[PDB]
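Letters A, B, ... are given to chains in the order of the sequence lines, protein chains preceding strands, and every chain is numbered from 1. Whatever order the structure lists them in is the order used to number ligands and atoms, beginning at 1. What's counted below: heavy atoms across the whole structure, side chains too, no hydrogens, waters or symmetry copies.
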Amino acid sequence: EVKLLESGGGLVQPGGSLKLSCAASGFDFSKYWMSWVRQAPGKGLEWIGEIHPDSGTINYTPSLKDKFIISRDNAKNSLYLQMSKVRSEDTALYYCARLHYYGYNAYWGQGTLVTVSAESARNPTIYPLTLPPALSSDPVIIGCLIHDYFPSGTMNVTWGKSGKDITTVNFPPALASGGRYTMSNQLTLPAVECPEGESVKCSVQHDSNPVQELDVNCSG
Amino acid sequence: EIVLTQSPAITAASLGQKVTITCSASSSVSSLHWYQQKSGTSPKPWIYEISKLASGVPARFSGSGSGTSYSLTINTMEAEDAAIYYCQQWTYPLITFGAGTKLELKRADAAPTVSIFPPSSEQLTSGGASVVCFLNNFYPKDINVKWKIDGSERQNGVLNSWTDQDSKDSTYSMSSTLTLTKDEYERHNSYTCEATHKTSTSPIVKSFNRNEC
Ligand SMILES: *[C@@H]1O[C@H](CO[C@H]2O[C@H](C)[C@@H](O)[C@@H](O)[C@@H]2O)[C@@H](O[C@@H]2O[C@H](CO)[C@@H](O)[C@H](O)[C@H]2NC(C)=O)[C@H](O)[C@H]1NC(C)=O
Ligand SMILES: *[C@@H]1O[C@H](CO)[C@@H](O[C@@H]2O[C@H](CO)[C@@H](O)[C@H](O)[C@H]2NC(C)=O)[C@H](O)[C@H]1NC(C)=O
Ligand SMILES: [Zn+2]
């Protein structure tokens with residue numbers, strides 16, 4: 001099956017430059033027109049441009065013609081994007097897509113995040129959200145505070161328990177003052193499903209980093 | 001060069017009601033396509049070449065139009081159809097995307113459930129103290145949260161995050177985090193989270209008292 005995997009994203013200094021890559025598999029790359037699309041946090045879709053299968057014709061969004069260079073190998077089955085004098089404004093998920101006839105983006109990658117900042121990377125600290133016996137119950141609400149991390153990236157949060165009446169809410173990251181993000185994850189479950197003395201594990205995965213696990217108590 | 005206008009920009013439909021959204025172009029386009037996008041996902045190919053449904057699109061969806069004005073229709077609005085819908089034109093050598101239409105599922109009014117969480121002993125060790133308030137399963141989306149420390153309002157160090165419309169419940173959730181120092185936390189005793197929502201005349205208050213121990 002068709003696969004597109006973008007890499008090369010991460011933290012880049014303002015005024016810097018980087019090259020992104022999109023690895024294609026499960027189709028003969030050499031026969032298809034390929035494109036790049038971007039999406040800034042909370043904004044819509046913006047086309048960057050496209051490349052002809054044999055590199056002869058490269059089309060761009062007129063405004064962006066001045067800072068992006070699209071290229072491809074064909075041997076390596078990779079598509080590239082060179083970004084040259086990166087502004088805070090350029091912070092976005094960059095998606096490569098395989099074009100079909102009539103300029104349709106038939107298959108899309110999962111995107112790679114580019115964070116244009118001077119602020120140093122920081123791993124989250126995870127804290128338990130549990131309330132004392134005389135503060136809540138039925139249903140039980142437990143959580144994991146994922147605090148003070150940068151850049152935002154992709155956060156995978158999984159809980160040790162799942163069911164029909166067990167609800168997970170993953171709150172989108174919020175940016176503080178310093179320039180550090182915080183998110184919270186919450187689990188709601190019937191009190192009968194989370195008795196006192198028992199715990200539920202929250203599993204946090206920040207980007208390609210090892211999982212951070214926390215045992216959260218049903219009651220304080 | 002070619003401007004696309006999606007209308008309405010923000011819309012709502014009840015379960016089982018017929019919905020039509022439109023995409024109009026400033027000049028004749030060669031082709032037009034639609035994409036669906038949900039919360040933390042890549043855009044999904046939805047309708048291509050004006051009326052063809054992509055691989056796993058439900059039969060309730062249809063695309064129409066020609067020349068300059070195009071439409072997307074949902075015969076029976078389902079809870080899972082609550083998403084952003086993007087139109088896209090192709091006219092060689094350009095591709096342009098519309099600004100998107102946010103489609104919300106119109107549901108019954110629902111008051112938020114407020115829960116207040118005192119700081120962790122683990123965080124307190126670090127010399128930090130985050131007080132977290134969760135506001136769950138409310139409709140409509142509009143809400144105002146206030147924090148009070150010893151009965152007086154606190155504005156700074158408040159982090160707010162709003163959820164995505166749940167598409168099983170068709171509800172919204174919100175988190176409000178007050179971060180203080182261990183010294184600042186230990187100087188006060190009562191912590192209160194108050195929510196203002198249409199479903200109540202008065203504020204929905206949830207508070208805790210930190211004393212003695
Ligand atoms: C990172 O993500 C996966 C989630 O995997 C899938 O399942 C959900 C329902 C679906 O919407 C997609 O997100 C994926 O298809 C984690 O998988 C789960 O985690 C635990 C391990 O801690 C397993 O024991 C569960 O069975 C497993 N899957 C399911 C059924 O949800 C993966 O581990 C996670 N990383 C972490 C540890 O946070
Ligand atoms: C993408 O490819 C086409 C090639 O046709 C370019 O179109 C030509 O260039 C200009 C403006 O588009 C026209 O005025 C010419 O008549 C076009 N055609 C010819 C004769 O080939 C288009 O400019 C290319 N580039 C991008 C970056 O938009
Ligand atoms: Zn073509």
Protein heavy atoms: any of them under 4.0 Å from [atom]?
{"atom": "atom 35 (N) of ligand 1", "answer": "yes"}
{"atom": "atom 27 (C) of ligand 2", "answer": "yes"}
{"atom": "atom 12 (C) of ligand 1", "answer": "no"}
{"atom": "atom 20 (C) of ligand 2", "answer": "no"}
{"atom": "atom 17 (C) of ligand 2", "answer": "no"}
{"atom": "atom 3 (C) of ligand 2", "answer": "yes"}
{"atom": "atom 22 (O) of ligand 1", "answer": "yes"}
{"atom": "atom 27 (C) of ligand 1", "answer": "no"}
{"atom": "atom 13 (C) of ligand 2", "answer": "no"}
{"atom": "atom 5 (O) of ligand 1", "answer": "no"}

Return yes or no for this condition: an N or O of A:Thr57 is under 3.5 Å from an N or O of ligand 2.
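Such a contact does not occur with ligand 2.
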
What do you reckon, does A:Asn59 have a nitrogen or oxygen under 3.5 Å from a nitrogen or oxygen of ligand 2?
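Yes.
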
Distance to 0.1 Å, residue and atom name: give those for the protein heavy atom nearest to [atom].
{"atom": "atom 2 (O) of ligand 1", "answer": "A:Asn156 ND2, 2.5 Å"}
{"atom": "atom 38 (O) of ligand 1", "answer": "A:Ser203 O, 3.1 Å"}
{"atom": "atom 5 (O) of ligand 2", "answer": "B:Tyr92 CE2, 4.1 Å"}
{"atom": "atom 22 (C) of ligand 2", "answer": "B:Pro93 CG, 3.5 Å"}

Any non-hydrogen side-chain atom of [X] less than 4.5 Å from a side-chain atom of [Y]?
{"X": "A:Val169", "Y": "A:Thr188", "answer": "no"}
{"X": "A:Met183", "Y": "A:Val157", "answer": "yes"}
{"X": "A:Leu4", "Y": "A:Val2", "answer": "yes"}

Are A:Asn123 and A:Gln212 close enough, and set up right, to give a side chain to side chain donor-acceptor pair (under 3.5 Å), and what steps lead you there?
CA-CA 10 Å; A:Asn123 300 306; A:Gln212 296 159 63; 5.5 Å; no

Ion pair check, A:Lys161 and A:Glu198, cut-off under 4.0 Å
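No salt bridge links A:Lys161 with A:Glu198.
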
State plainly whether the residues B:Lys38 and B:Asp164 are in salt-bridge range, i.e. N to O under 4.0 Å.
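A salt bridge is absent here (no side-chain N lies under 4.0 Å from a carboxylate O).
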
Whether A:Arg38 engages the ring of A:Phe68 as a cation-pi pair (distance to the six-membered ring centre under 6.0 angstrom, angle to the ring normal within 45°) should be assessed.
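Geometry flag: not set, cation outside 6.0 Å or 45°.
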
A:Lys19 to A:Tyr80 six-membered ring, cation-pi geometry met (6.0 Å, 45°)
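Here A:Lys19 passes the 6.0 Å and 45° test against A:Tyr80.
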
List the steps and the verdict of ring pair (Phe, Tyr, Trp, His ring centres under 6.0 Å) for B:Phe134 and B:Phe117.
CA-CA 8 Å; B:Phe134 294 120; B:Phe117 290 83; 5.6 Å; yes

With respect to atom 18 (C) of ligand 1, which of A:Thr158, A:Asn185, A:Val211 exhibits the smallest heavy-atom separation?
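Nearest heavy atom to atom 18 (C) of ligand 1 lies in A:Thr158.
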
Roughly how far, to the nearest 0.5 Å, is the SG atom of A:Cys194 from the CD1 atom of A:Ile141?
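It is 11.5 Å, given to the nearest 0.5 Å.
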
Are B:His33 and B:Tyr86, when compared by the centres of their aromatic rings, separated by less than 6.0 Å?
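No: the rings miss the under 6.0 Å criterion.
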
Subset of ligand 2 atoms that lie under 4.0 Å from at least one heavy atom of A:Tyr60:
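Under 4.0 Å from A:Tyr60, ligand 2 has these atoms: 26 (C), 27 (C), 28 (O).
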
